[PDB]
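# Tertiary structure, described
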Amino acid sequence: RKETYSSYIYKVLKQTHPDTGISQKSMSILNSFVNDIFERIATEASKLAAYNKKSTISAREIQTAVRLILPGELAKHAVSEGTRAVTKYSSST
Amino acid sequence: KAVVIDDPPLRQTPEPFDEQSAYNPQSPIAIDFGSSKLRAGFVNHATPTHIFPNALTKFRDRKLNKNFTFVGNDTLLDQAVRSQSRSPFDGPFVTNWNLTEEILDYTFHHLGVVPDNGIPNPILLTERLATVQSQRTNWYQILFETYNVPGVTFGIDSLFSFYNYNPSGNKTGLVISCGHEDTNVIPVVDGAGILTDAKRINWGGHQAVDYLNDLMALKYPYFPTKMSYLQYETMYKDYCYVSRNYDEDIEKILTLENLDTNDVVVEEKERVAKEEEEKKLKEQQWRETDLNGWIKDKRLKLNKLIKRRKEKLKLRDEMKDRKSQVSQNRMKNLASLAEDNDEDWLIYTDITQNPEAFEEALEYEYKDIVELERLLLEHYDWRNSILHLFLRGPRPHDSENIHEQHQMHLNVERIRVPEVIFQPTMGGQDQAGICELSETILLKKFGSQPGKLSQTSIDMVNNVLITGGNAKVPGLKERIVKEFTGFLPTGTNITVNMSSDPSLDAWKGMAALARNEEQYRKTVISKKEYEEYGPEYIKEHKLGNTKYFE
Amino acid sequence: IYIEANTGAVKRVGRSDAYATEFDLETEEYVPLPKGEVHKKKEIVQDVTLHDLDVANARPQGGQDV
Amino acid sequence: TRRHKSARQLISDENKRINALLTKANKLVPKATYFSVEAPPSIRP
Amino acid sequence: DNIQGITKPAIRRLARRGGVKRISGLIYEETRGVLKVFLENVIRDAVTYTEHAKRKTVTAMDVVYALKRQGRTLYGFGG
Amino acid sequence: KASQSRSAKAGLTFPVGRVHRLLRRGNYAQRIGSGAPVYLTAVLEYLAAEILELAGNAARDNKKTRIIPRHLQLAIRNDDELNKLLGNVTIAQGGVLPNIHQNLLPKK
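For this deposited structure, the header cites cryo-EM as the method used and 3.09 Å as the resolution.

Rendered as structure tokens:
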């Protein structure tokens, strides 16, 4: 048993490019890329939460970590996508 | 001409004392414990004796005396003692209570009262509509144990003003009260306020001043100075009005013919040199011979240079967009150059990024345009830009002078600030406005159908009263009359009332209740009722609150 | 709407401007409230000829809608 | 001795007292409370 | 004119710290353009740390952590 | 009673619960809030979608139907915020973008 993200990112590619094939090595690069991005974002958030003497990770410290890591227009588009996703998910009423 | 504002001027003369010879141990005292001001005086007078803001502060001195009796009007003496003032009201309720005791001791001292075993006089007091039980029980406790008054009466200030303006005590009308922190519409039948159908909107003068502050700070984020609450308060008082129709006044407020009136302003080489000299002499001879033709040619050259520079600036702006088709063409050209000749080498050389060379070419084109303008001399406006009209009004603006760098304009806010009591959604409160609450009181209630008004509804429409301290805004009565004519059936007579000064009508209300009528004794609570019924006791009289349940 | 009392004609003018913000994009057209009274009365004089009555009473196919 | 008792929590324990009285009385409509007086949202857009 | 705060003999003082016999006259404004991006790059990561701390003052504690985040960890002011 | 996952509650195609699992036993914090995996999942959504967009346009730019690592390399190195983010990582089997200095050309 081993874990990969392959079906999800495959679906992401079929949403915008239906007639496009895939090399397995390309999944190896892109899986390493998404794991590396998750890696830096998560330890930046943990480092920031350890700074503020807090024991809890919420949306705001990863928001600040996204603002710290990503370039500015990617930062603003990423926080736009994240805020609309978390407000859609938070409307469970 | 810009008008400058400042802090309000301070009182030089200290507040006076009531005489000791005028003390009557049996006369009552009317107290209006408003959120913004306090009104205290004896019953037998018509005008309240003491008016001061409901605030106090503590003063520290180098001699270590800790004199902290700067209460009410005493805070209007110095800028330092005024800025540290603190009211007992936090929101619509009273949170702390030692300062309430200090304020009541200050006004009892200034009322010329010499007590013995507590205050020997009954007390007229107002309270918030549908107040919480803890405020009532704690008010009972302080007024019955700390001061030991013989009698206590509770009521609503809007109902007190309605009793003032019809002292028969059995009329039928509609009361609209615009207070400091809330706005209430209370229906009255036969002199008794039907509190089961009264409504409250969480908006007042304090929220209006804070809304003006937030709006004006959003309009000018790089303002050099910081302005206090009182400056926003006085330009709310002086430059705000209710529009007759907001949905028409919005669409024409920023036009040029409207902004000029109702906008307020608040503060080898030698051969080349010989050839160049010969060309300059030929140009001078052409200017002396045909100045108009040379001027037209130089103007055409300047226009061509300006058009080329505009095309270059458009290309430079289009190259910055990543999602543009020019960026896709550049990506395709990069892919083709990777895919692959002197022409191909020239294309690879010319496909390089040159931002600094683009800036140098723009500078050279500006120099050429300046040369063409000089040849034309020898031989973007703010009218259509609505952001400049919103920011700096109908006048041109320069940023290099310190006089208009400290300058503020109020054009849209003059009708935007008082409009929130009609549309509370603009302030963030999900509530109906004043007019819709009046509509659903008069039309879908009290045995009245839409299209057929009952007799009680007609008597209510004929006796509409507007009160409260926030009725000072001009244009309120005409707007209320226009909307009331809007939703009512035709032929209905609408009569509205408004004081010359609607702040003091509650004091005249309890003065006329305690003085003119002996039916004040119907609402009086004594020692024995407090001792045998407990603090959770409510007298269901015609001017106060009611029992929470049925 | 528009209702004629004598002839019973009904004409719809459009939706009111108070309901213009129920949707951002809509098919209905929006008109303001009439500034006059609801009830209006007027005296008019109709001029006809006998040929118009002869034409109106002798349509061969039948009547027509408004 | 009295607590500071800010204006936010006064609404909270008055509401919980009203709910406790209501759930005692059920296992009685209110007439005029701090939450029955508050204006409803508008019907017009 | 406030951008003219940094003075040319101070740039000369920084240059002679490097041990250079000859300085041309354009080096001063070159180093000005170099330094202007450079300090703004740590002002970028200082004031966001300050804002996430719910603070409206900066200190010696967040600026050293900004430099430690980018990669020039500095000793002397704690951290 | 049966309801689906949080990913379509947030409208995302990446697994929210797997990200929550990795954040839980990745020993980054002793307590993890509810809204953190949704935000992180949305950020990974947008990053993967943009990278796949640039790769798909690169593969269209070479008239192929498959994603070669050359397409990923040229899409990352051609664009400049992806240049700054991914400057220190070497793509396996990526190659080098074509560039010649102007003075090295046969200028004549």
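### Observations concerning the overall build of chain B
A tally of regular secondary structure across chain B gives 20 helices and 17 strands. Relative to a compact globule of 550 residues, whose C-alpha radius of gyration would be 24 Å, chain B shows 36 Å and is clearly more extended. With the principal axes as the frame, chain B shows a C-alpha extent of 120 × 75 × 60 Å.

### Here we look at the overall build of chain F
Along the backbone of chain F there are 5 helices and 2 strands. For chain F, the sequential pattern of α-helices and β-strands runs α-α-β-α-β-α-α. Computed over its C-alpha atoms, the radius of gyration of chain F comes to 20 Å, more than 25% above the 13 Å expected for a compact globule of 108 residues. Dimensions of chain F along its principal axes, counting C-alpha atoms only, are 80 × 35 × 20 Å.

### Some words on the interface of chain F and chain A
Contacts between the two partners involve 46 residues from chain F, matched on the other side by 48 residues from chain A. Residue assignment for the side of chain F that touches chain A shows that the elements contributing at least two residues are helix 1 (6-9), helix 2 (16-24), strand 1 (31-32), helix 3 (36-60), strand 2 (66-67), helix 4 (69-78) and helix 5 (80-85) of chain F. Per-element tally for the side of chain F that touches chain A: the top contributor is helix 3 of chain F, with 15 residues. Along the lines of polarity and charge, the residues of the side of chain F that touches chain A split into 29 nonpolar, 8 polar and 9 charged.

### Details of the arrangement of the chains
Most contacts, among the 6 pairs of chains that meet, fall between chains A and F. One finds no contact between chain A and chain D; the C-alpha atoms of the two approach each other to within 19 Å at their closest.

### Some points on the packing of aromatic side chains
Note on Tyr-5 of chain A and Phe-14 of chain F: the rings are 6.0 Å apart at their centroids and 50 degrees apart in plane angle, and the pair reads as tilted. A residue pair is termed interchain when its members come from two chains, as with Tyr-5 of chain A in the segment before helix 1 (6-16) and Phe-14 of chain F in the loop between helix 1 and helix 2. It is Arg-200 of chain B that lies over the ring of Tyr-34 of chain D; its NZ or CZ is 4.0 Å from the centre. Against the face of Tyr-19 of chain C rests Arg-15 of chain C, its NZ or CZ located 4.9 Å from the ring centre.

### Points about the sheet that holds strand 8 (residues 123-125) of chain B
Residues and elements named next belong to chain B. Read across the sheet, 5 strands follow the order 3-2-1-8-9 without closing on themselves; strand pairing throughout is mixed. Every interior strand has two partners, whereas the edge strands, strand 3 (50-53) and strand 9 (152-153), have only one. Of the strand pairs in this sheet, strand 2 (residues 37-42) and strand 3 are connected by 4 bridges, and their pairing is antiparallel. Within strand 3, the residue paired with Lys-37 across the bridge is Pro-53. Each of strand 1 (29-33), strand 2 and strand 8 is contacted by helix 19 (residues 505-515), which is oriented at about 150 degrees to strand 1, the strand it contacts most.

### What to know about the environment of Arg-32 of chain E
Residue and element names in this part refer to chain E. Structurally, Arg-32 is set in helix 2 (residues 27-52). Linking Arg-32 and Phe-77, residues 45 residues apart in sequence, is a C-alpha distance of 26 Å. Apart from the residues within four sequence positions on either side, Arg-32 is in contact with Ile-3, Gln-4, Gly-5, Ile-6 and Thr-7. A polar atom in the side chain of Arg-32 sits 2.9 Å from the backbone oxygen of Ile-3.

### Topic: the pattern of salt bridges
Of the charged contacts in the structure, one is a salt bridge between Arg-136 of chain B and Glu-127 of chain B, with a shortest N-O distance of 3.8 Å. Its salt-bridge partner being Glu-22 of chain C, residue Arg-15 of chain C comes within 3.1 Å of it at the nearest N-O pair. What you see here is one network of salt bridges that share partners, running through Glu-419, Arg-479 and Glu-483 of chain B.

### Describing the pairing of strand 16 (residues 464-467) of chain B
All names here are of chain B. The sheet contact formed by strand 10 (residues 173-178) and strand 16 spans 4 bridges and is parallel. Across the sheet, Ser-177 pairs through a bridge with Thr-467, a residue of strand 16. Relative to strand 17 (residues 496-498), strand 16 runs parallel, the two sharing 3 bridges. Residue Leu-465 lies in a different strand from strand 17, and its bridge partner there is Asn-497. The parallel pair strand 16 and strand 17, bridged by helix 18 (residues 476-487), forms a crossover whose chirality is right-handed.

### Remarks on the pairing of strand 11 (residues 183-189) of chain B
Residue and element names in this part refer to chain B. Examined bridge by bridge, strand 10 and strand 11 share 6 bridges and lie antiparallel to one another. Paired with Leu-174 across the strands is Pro-187, a residue of strand 11. Hairpin connection from strand 10 to strand 11: 4 residues lie between these consecutive antiparallel strands. Direction of pairing for strand 11 relative to strand 13 (residues 199-201): antiparallel, over a ladder of 3 bridges. Within the sheet, the bridge partner assigned to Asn-184 lies in strand 13 and is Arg-200. In this sheet, strand 12 (residues 192-193) lies alongside strand 11 in antiparallel orientation, the contact comprising 2 bridges. In the sheet register, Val-189 faces strand 12, and the bridge partner there is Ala-192. Taken together, strand 11 and the strand that follows it, strand 12, pair antiparallel across an intervening segment of 2 residues, in which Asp-190 is found at a positive phi of about 60 degrees.

### Things to note about the packing of helix 4 (residues 72-89) of chain A against helix 3 of chain F
The relative placement of two packed helices is expressed as an angle between their axes plus a distance between the axes. Packing of helix 4 of chain A against helix 3 of chain F brings their axes to within 8 Å, and their N-to-C directions diverge by 130 degrees. With respect to helix 3 of chain F, the element helix 4 of chain A is oriented oblique. Regarding helix 4 of chain A and helix 3 of chain F, the two cross each other, and that crossing is right-handed. Contacts between helix 4 of chain A and helix 3 of chain F involve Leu-74, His-77, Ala-78, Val-79, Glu-81, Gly-82, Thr-83, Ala-85, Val-86 and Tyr-89 of chain A from the first element and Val-38, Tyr-39, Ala-42, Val-43 and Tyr-46 of chain F from the second. Across the contact of helix 4 of chain A with helix 3 of chain F, the residue classes tally to 11 nonpolar, 3 polar and 1 charged.

### Looking at the packing of helix 2 (residues 24-51) of chain A against helix 3 (residues 59-69) of chain A
Residues and elements named next belong to chain A. Two numbers describe how helix 2 lies on helix 3: the axes approach to 9 Å, and their chain directions differ by 120 degrees. Our classification of the angle between helix 2 and helix 3 gives oblique. For the pair helix 2 and helix 3, the sense of crossing is right-handed. Residues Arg-40, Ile-41, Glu-44, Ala-45 and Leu-48 of helix 2 lie in contact with helix 3, whose contacting residues are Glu-61, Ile-62, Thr-64, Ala-65, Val-66, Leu-68 and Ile-69.

### Some points on the environment of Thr-183 of chain B
Residues and elements named next belong to chain B. Here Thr-183 shows up in strand 11. In this structure the C-alpha to C-alpha distance between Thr-183 and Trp-203, which are 20 residues apart in sequence, comes to 6.2 Å. Dropping the residues within four chain positions of it, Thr-183 is found in contact with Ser-177, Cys-178, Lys-199, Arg-200, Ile-201, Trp-203, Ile-421 and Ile-434.

### Some details on the side chain of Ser-499 of chain B
All names here are of chain B. Tracing the backbone through its elements, the reader meets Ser-499 in the loop between strand 17 and helix 19. A polar contact of 2.3 Å, which involves the side chain of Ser-499, links it to the side chain of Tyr-165. With residues up to four places along the chain from it excluded, the contact list for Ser-499 reads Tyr-165 and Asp-505.

### Some words on the environment of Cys-435 of chain B
Residues and elements named next belong to chain B. Examined against the element boundaries, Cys-435 turns out to sit in helix 16 (residues 434-442). Put simply, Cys-435 and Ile-402 are 33 residues apart on the chain and 45 Å apart in space, counted from C-alpha to C-alpha. Once residues within four sequence positions are removed from consideration, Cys-435 is found in contact with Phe-422, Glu-483 and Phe-487.

### Describing unusual backbone geometry
At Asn-117 of chain B, a position not held by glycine, the phi torsion is positive, near 55 degrees. With respect to the helices and strands, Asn-117 of chain B occurs in the loop between helix 2 (98-110) and strand 8. Here the phi dihedral of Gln-93 of chain F falls at roughly 60 degrees; this positive angle occurs in a residue that is not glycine. Looking at the secondary structure, you find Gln-93 of chain F in the segment after helix 5.

### Comments concerning the side chain of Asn-202 of chain B
One can find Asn-202 of chain B in the loop between strand 13 and helix 5 (205-219). For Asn-202 of chain B, the side chain forms a polar contact with the side chain of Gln-431 of chain B, separated by 2.8 Å. Among all residues touching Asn-202 of chain B, those that are not within four sequence positions of it are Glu-181, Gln-207, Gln-429 and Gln-431 of chain B together with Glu-38 of chain D.

Calculation criteria
- Residues numbered from 1 in each chain as written, not as in the entry; some residues may be left out.
- Chains lettered and ligands numbered in written order.
- Part of a larger assembly, values for the part shown.
- Heavy atoms only, no water.
- Residues with missing side-chain atoms left out of burial classes, pairs and counts.
- Helix = DSSP H or I, 4+ residues; strand = E, 2+ residues; numbered from the N terminus.
- Rg over C-alpha atoms; globule rule 2.2 N^0.38 Å.
- Contact = heavy atoms within 4.5 Å.
- Nonpolar A, V, L, I, M, F, W, Y, C, P; charged D, E, K, R; others polar.
- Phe/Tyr/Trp six-rings, centres within 6.5 Å; stacked < 30°, edge-to-face > 60°.
- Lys NZ or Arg CZ within 6 Å of the ring centre and 35° of its normal.
- Pairing = 2+ DSSP bridges.
- Axes fitted to C-alpha atoms, helices over the stretch in contact; angles between N-to-C directions.
- Polar contact = N/O pair within 3.5 Å; in protein donor to acceptor, adjacent residues only side chain to side chain.
- Salt bridge = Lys/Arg side-chain N within 4 Å of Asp/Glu carboxyl O.
- Right-handed = clockwise from strand over helix to strand, strands pointing away.
- Parallel < 35°, antiparallel > 145°, perpendicular 65-115°, else oblique.
- Left-handed = near helix turned anticlockwise from the far one by under 90°.

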